[PDB]
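Colleague: I have a structure I would like to understand better, so I am pasting it below and will then ask my questions one at a time.
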Amino acid sequence: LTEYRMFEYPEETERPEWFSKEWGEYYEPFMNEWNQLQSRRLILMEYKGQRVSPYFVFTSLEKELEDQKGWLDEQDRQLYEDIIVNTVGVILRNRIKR
Amino acid sequence: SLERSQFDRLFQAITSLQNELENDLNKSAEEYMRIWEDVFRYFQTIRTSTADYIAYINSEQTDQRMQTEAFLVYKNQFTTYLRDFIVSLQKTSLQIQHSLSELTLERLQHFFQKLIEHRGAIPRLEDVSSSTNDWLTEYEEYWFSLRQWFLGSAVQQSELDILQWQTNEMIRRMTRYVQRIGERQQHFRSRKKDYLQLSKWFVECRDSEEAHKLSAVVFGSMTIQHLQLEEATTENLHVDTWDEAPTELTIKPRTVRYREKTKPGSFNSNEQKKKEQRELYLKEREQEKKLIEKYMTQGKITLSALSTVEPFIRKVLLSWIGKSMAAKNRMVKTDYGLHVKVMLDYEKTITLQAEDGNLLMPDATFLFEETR
Amino acid sequence: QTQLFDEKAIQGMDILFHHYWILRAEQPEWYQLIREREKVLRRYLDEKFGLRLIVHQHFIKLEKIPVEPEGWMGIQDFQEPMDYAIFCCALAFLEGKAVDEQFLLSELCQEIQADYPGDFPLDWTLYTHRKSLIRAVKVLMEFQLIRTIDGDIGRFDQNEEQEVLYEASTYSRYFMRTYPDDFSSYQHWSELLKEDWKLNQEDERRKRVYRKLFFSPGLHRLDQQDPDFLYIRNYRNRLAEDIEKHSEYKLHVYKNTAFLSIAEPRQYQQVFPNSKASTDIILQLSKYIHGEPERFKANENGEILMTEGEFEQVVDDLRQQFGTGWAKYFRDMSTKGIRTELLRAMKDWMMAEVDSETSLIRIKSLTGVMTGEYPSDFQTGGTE
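Sequence order for the protein chains is X, Y and S. Residue numbers for the first sequence follow the numbering used here, so the first one is 36 and each next one is one higher. Residue numbers for the second sequence follow the numbering used here, so the first one is 804 and each next one is one higher. Residue numbers for the third sequence follow the numbering used here, so the first one is 123 and each next one is one higher.
Put into structure tokens, the structure is as follows:
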């Protein structure tokens, strides 16, 4: 995915000021726990000028691949190749004959 | 939606026509009229089909429809056209073209006359004042139109060929447009910030030279330059260019006072040079011919007889001796118009003397033929 | 069955160098020729130069990044920095347009005006600004970045109300190469070079010498111990043999300069001498310098040092002797103007430098390679 130029950055919440009003031993572990867990990760991806989350890019690629895969069915590929190859075959027949 | 049997029907009609023409007009006129009717009904059907299909392919509807999903609708309609119409054209056109190559007007005019018989049999109440010859000409022009449609002509590409080539061109166009849709969808990773940064950089440039330097660094040099010189004149790593011998050029002064040309230039018509050269060359030829003649004895030269010889004659004789052995007939030719035959005896110590050196070689005799 | 560098490969290399890029839609012969040898070209360019050859479906491009940028390299149709700024802004605008999208000239002018990053706003009521925009659009159209739906831009010079309908062509996407980091983190163009050569640490010296030789008209000895020139001196023979093998050029080496000459320049190439009149005076000045070795004794580095006054005196002497044969353009112009024009010309060819501080003129040894004179019969004619 490097073309999308991913990049992550942790989102954090300011320590509530009321943490200062010391409570004692029994509560210190919970304050430490909150300090540890409050940090969370985000991912952002540049996609057609917007900076969007992976969900949006996944949906966009789903839609595109669903549409794009429908453009050129294999049978039509074979038909076009055959129709051009037929005129080339006629040219070869005429040159061999000449 | 076209019928895949179009060309099959036309081919069957032409097949029956071939079958009857092989029987050589030994049947009734009604059969001939029915055969012609089937043939040209089907051919006009195909003609309408190709007109409509080529209009569809060329359609500006397609040209504006490229810019949307509607092109997909156009793609489906076009692939249906190819699958029903052109595939039959390809499968049946070869045999049709062959049959039409067989059947010219010559193989048909009696059949035309019997068609005319049946036409007279029809109680046409129309404005039928056109002579029987007019009916003949109508049928002939119709059949010539068919022959041109398939086989074409030595001066024009057939209708079949033009149709096929336009079809191939359109197929390439449509596939390339699908490629373009892929390109449009994929690449979008805009660089706008880079370009605006670059404009900011450029505006900071003081003068043109700085801006050009920056452009070279950013986009890359748009070209390269070099000095023109006819030869690697120098080889000395230790001498500064000033102290070395320079390369001298002839600057054309930029005044008509001397010369300046844009329209076609003139030449010298140097006939006097050519006259002098011709006369000198022919004089040399004549003098060499005489030097050869100087030693002629009763129409031949025998080396042993020669006392002292011009070095040039020695070289000419050696040339003749060498050339003679190459040709099995031992005949030789000379620029003097003299055929020369060379016979060699090789048991001899004979000296051919001149101002320089005494050449010992095997004796020879030289006959000269009558160039008359 | 293996490929070899042959006439086709040499021709392809020259075509790659002397153009910015080759377009399939317009140069099908050249595109086909280049592609067939593209394997050998890629190998050779990577090994010796280090340039990245970009081969694509629609175009082929050689990212000619110079060793040290020089004035002549830049887009020549442009004459002021503002032209470059408008060009870059126009590109930025085209990034906002989808392929084959059509926009009016007024929209492009408006967007350029809005984005234009200078402190001083871009204004269309002026003549000079409109002329700058027309030059920018002409260079854009030259690279087929934008196609023209019928109209006329030249009228924009004298009619600001002019209008045109333009079409963004696909090539706009690929025009500008890619940059190492988030390019915005850089602060000056010089930082770009330090990157582009961070990828070529392997045998940086050979690639350096080859790039200088092939790109620049000449390669001047920086000082007595210039490493590039020392390299060339050490491998003169094999360098010459390789260059002769792989291209039309033939190497020359002197005490203070080295350059590649070309014997039979094809149509599309640029070379010295050429038609422009300023070259004539350059050749005459070269001859005049040859004629007074004691007065213009070159210093050890091969430079000849002259002040603006001394140069103007030399130009006056030339106008006296050969001025009768100069083009009427110079014959009618004062000495200082001729000095400025001649010095611009000689700058383009790296013949000389204008010292930044002292305004001292340095005429480089490359000038002495060639000398020119009028035919003796005219010179005697000039006496009459």
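Think of the CB as a built atom: it goes at the ideal place given N, C-alpha and C, for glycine as much as any other residue.
I think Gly-196 (chain S) touches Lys-1016 (chain Y), with their Cβ atoms under 8 Å apart; what is that distance to the nearest whole Å?
Modeller: Reading the third sequence from its first residue, position 74 is the one you call residue 196 (chain S). Reading the second sequence from its first residue, position 213 is the one you call residue 1016 (chain Y). Indeed, because the Cβ distance is near 7 Å, the residues count as touching under 8 Å.
Colleague: Would you check if the stretch 1031-1048 of chain Y and the stretch 242-249 of chain S touch, i.e. whether three or more CB-CB distances between them fall below 8 Å?
Modeller: No contact exists between the stretch 242-249 of chain S and the stretch 1031-1048 of chain Y.
Colleague: Any idea what DSSP makes of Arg-86 (chain X), helix, strand or coil?
Modeller: Along the first sequence, one-based indexing puts residue 86 (chain X) at 51. Strand.
Colleague: Which residue marks the beginning of the beta strand (DSSP E) containing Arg-484 (chain S), and which one marks its end?
Modeller: Within the third sequence, residue 484 (chain S) is the residue found at index 362, counting from 1. Counting along the chain, the beta strand (DSSP E) containing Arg-484 (chain S) begins and ends at 483-485.
Colleague: Would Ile-119 (chain X) pass as an interface residue toward chain Y - the criterion being a Cβ-Cβ separation below 8 Å?
Modeller: Here residue 119 (chain X) refers to the residue found at position 84 of the first sequence. Cβ-Cβ to chain Y under 8 Å: yes for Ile-119 (chain X).
Colleague: When you compare each of S:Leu-255, S:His-178, S:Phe-418 to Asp-199 (chain S) by their alpha carbons, which one comes out closest?
Modeller: As a position in the third sequence, residue 199 (chain S) is number 77, starting the count at 1. Checked all of S:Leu-255, S:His-178, S:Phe-418; the closest Cα to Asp-199 (chain S) is S:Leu-255.
Colleague: Compare the C-beta of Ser-1069 (chain Y) with all C-beta atoms of chain S and state if any pair is closer than 8 Å.
Modeller: Within the second sequence, residue 1069 (chain Y) is the residue found at index 266, counting from 1. No, no contact with chain S.
Colleague: Taking C-beta to C-beta, are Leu-482 (chain S) and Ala-474 (chain S) nearer than 8 Å?
Modeller: Locating residue 482 (chain S) in the third sequence gives position 360, where the first residue counts as 1. Locating residue 474 (chain S) in the third sequence gives position 352, where the first residue counts as 1. Remark: C-beta atoms of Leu-482 (chain S) and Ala-474 (chain S) do not approach each other more closely than 8 Å.
Colleague: Check whether the stretch 969-981 of chain Y and the stretch 158-174 of chain S touch, using three or more Cβ-Cβ pairs below 8 Å as the test.
Modeller: no
Colleague: Quick check on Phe-991 (chain Y) - is its C-beta less than 8 Å from some C-beta in chain X?
Modeller: For the purposes of this step, residue 991 (chain Y) is taken as residue 188 along the second sequence, with counting starting at 1. True, the Cβ-Cβ gap to chain X drops below 8 Å.
Colleague: In the DSSP output, what is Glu-475 (chain S) paired with across the bridge?
Modeller: Residue numbering aside, residue 475 (chain S) sits at position 353 when the third sequence is read from its first letter. According to DSSP, which records beta bridges pairwise, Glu-475 (chain S) is partnered with S:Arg-484.
Colleague: Quick check on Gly-218 (chain S): buried or exposed, where buried means 16 or more other Cβ atoms within 10 Å of its Cβ?
Modeller: Counting from 1 along the third sequence, the entry for residue 218 (chain S) is found at position 96. With fewer than 16 Cβ atoms within 10 Å of its Cβ, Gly-218 (chain S) is classed as exposed.
Colleague: Taking C-beta pairs closer than 7 Å, name the residues in chain C that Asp-1043 (chain Y) reaches, listed in chain order.
Modeller: This model lacks chain C altogether; the protein chains it does include are X, Y and S.
Colleague: Between the stretch 903-911 of chain Y and the stretch 941-955 of chain Y, do three or more beta carbon pairs fall short of 8 Å?
Modeller: yes
Colleague: Cβ closer than 7 Å: which chain Y residues qualify as neighbours of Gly-193 (chain S)?
Modeller: In the third sequence, counting from the first residue as 1, residue 193 (chain S) sits at position 71. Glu-1012, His-1015, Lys-1016, listed in chain order.
Colleague: If we require 4 or more residues per run, which alpha helix (DSSP H) segments fall completely within the stretch 277-358 of chain S?
Modeller: Unbroken alpha helix (DSSP H) runs of no fewer than 4 residues, entirely contained in the stretch 277-358 of chain S, are found at 312-318, 326-337, 349-356, following chain order.
Colleague: Can you tell me whether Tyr-61 (chain X) is buried or exposed? The criterion is at least 16 other CB atoms within 10 Å of its CB, across all chains shown.
Modeller: Within the first sequence, the letter at position 26 stands for residue 61 (chain X). Classification of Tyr-61 (chain X): exposed, given that the 10 Å Cβ count is below 16.
Colleague: Around the Cβ of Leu-813 (chain Y), are there at least 16 other Cβ atoms within 10 angstroms (buried) or fewer (exposed)?
Modeller: The count along the second sequence starts at 1 and reaches residue 813 (chain Y) at position 10. Looking at its Cβ environment, which holds 16 or more other Cβ atoms inside 10 Å, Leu-813 (chain Y) is buried.
Colleague: Output, in chain order, the set of chain S residues within a Cβ distance shorter than 8 Å of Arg-987 (chain Y).
Modeller: On the second sequence, position 184 is the one that residue 987 (chain Y) refers to. Per Cβ cutoff of 8 Å: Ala-220, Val-221.
Colleague: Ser-1002 (chain Y) and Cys-211 (chain S): beta carbons closer than 8 Å?
Modeller: Counting from one through the second sequence, the residue named residue 1002 (chain Y) turns up at place 199. Counting from one through the third sequence, the residue named residue 211 (chain S) turns up at place 89. A contact, by the Cβ cut-off of 8 Å.
Colleague: Rounded to whole angstroms, what is the Cα-Cα separation between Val-491 (chain S) and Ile-354 (chain S)?
Modeller: On the third sequence, position 369 is the one that residue 491 (chain S) refers to. On the third sequence, position 232 is the one that residue 354 (chain S) refers to. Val-491 (chain S) and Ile-354 (chain S) have their C-alpha atoms some 18 Å from each other.
Colleague: I want to verify the contact list: residues of chain Y whose CB lies under 8 Å from the CB of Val-259 (chain S), in sequence order.
Modeller: Along the third sequence, one-based indexing puts residue 259 (chain S) at 137. Ordered by position in chain Y, no residue passes the 8 Å Cβ test against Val-259 (chain S), which lies about 15 Å from the chain.
Colleague: Alpha carbon to alpha carbon, what distance is there between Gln-149 (chain S) and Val-1020 (chain Y)?
Modeller: Looking up residue 1020 (chain Y) in the second sequence gives position 217. Looking up residue 149 (chain S) in the third sequence gives position 27. Rounded to whole angstroms, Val-1020 (chain Y) to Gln-149 (chain S) spans 26 Å at the Cα level.
Colleague: Roughly how many whole angstroms lie between the Cα atoms of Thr-379 (chain S) and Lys-367 (chain S)?
Modeller: Sequence index remark: in the third sequence, residue 379 (chain S) carries index 257 (1-based). Sequence index remark: in the third sequence, residue 367 (chain S) carries index 245 (1-based). C-alpha separation (whole angstroms): 22 Å.
Colleague: Among residues of its own chain, excluding the 5 on either side of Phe-444 (chain S), which ones have a beta-carbon nearer than 7 Å to its beta-carbon?
Modeller: Residue mapping note: residue 444 (chain S) aligns to position 322 of the third sequence, counting from 1. Result list for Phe-444 (chain S): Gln-406, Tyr-496, in chain order.
Colleague: Just the Cα atoms here: how many angstroms apart are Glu-863 (chain Y) and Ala-385 (chain S)?
Modeller: As a first step, residue 863 (chain Y) is located in the second sequence; it is residue number 60 there, counting from the start. As a first step, residue 385 (chain S) is located in the third sequence; it is residue number 263 there, counting from the start. Straight-line Cα distance between these residues: approximately 53 Å.
Colleague: What residue does the alpha helix (DSSP H) around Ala-873 (chain Y) start on, and which one ends it?
Modeller: For the purposes of this step, residue 873 (chain Y) is taken as residue 70 along the second sequence, with counting starting at 1. That run of the alpha helix (DSSP H) goes 873-884.
Colleague: Got a sec, what are the start and stop residues for the alpha helix (DSSP H) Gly-923 (chain Y) sits in?
Modeller: What you label residue 923 (chain Y) is simply residue 120 of the second sequence in a count that begins at 1. Per DSSP, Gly-923 (chain Y) belongs to the alpha helix (DSSP H) from 912-924.
Colleague: Using 8 Å as the cut-off, can you tell me whether the stretch 915-924 of chain Y makes contact with the stretch 936-946 of chain Y, which would need three or more C-beta pairs spanning the two stretches below that distance?
Modeller: yes
Colleague: Cα separation between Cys-1008 (chain Y) and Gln-280 (chain S)?
Modeller: Stepping through the second sequence from its first residue, residue 1008 (chain Y) is reached at position 205. Stepping through the third sequence from its first residue, residue 280 (chain S) is reached at position 158. Going from the Cα of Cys-1008 (chain Y) to the Cα of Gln-280 (chain S) covers about 28 Å.
Colleague: Quick one: is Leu-267 (chain S) buried, meaning 16 or more other Cβ sit within 10 Å of its Cβ, or exposed?
Modeller: In the third sequence, the residue the question calls residue 267 (chain S) occupies position 145. Classification for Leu-267 (chain S): buried.
Colleague: At the 8 Å Cβ level, is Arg-886 (chain Y) part of the contact set with chain X, yes or no?
Modeller: On the second sequence, position 83 is the one that residue 886 (chain Y) refers to. Closer than 8 Å: yes.
Colleague: Should the stretch 329-341 of chain S be called in touch with the stretch 304-317 of chain S, which here means at least 3 C-beta pairs below 8 Å?
Modeller: no
Colleague: At what residue ranges does the stretch 400-469 of chain S contain a whole run of the alpha helix (DSSP H), taking only runs of 4 or more?
Modeller: 430-443, 450-453
Colleague: Within 10 angstroms of the Cβ of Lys-1086 (chain Y), are there 16 or more other Cβ atoms? Answer buried if so, exposed if not.
Modeller: Locating residue 1086 (chain Y) in the second sequence gives position 283, where the first residue counts as 1. Exposed.
Colleague: When burial is assigned at 16 or more other CB atoms within 10 Å of the CB, is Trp-69 (chain X) buried or exposed?
Modeller: On the first sequence, position 34 is the one that residue 69 (chain X) refers to. So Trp-69 (chain X) counts as exposed.
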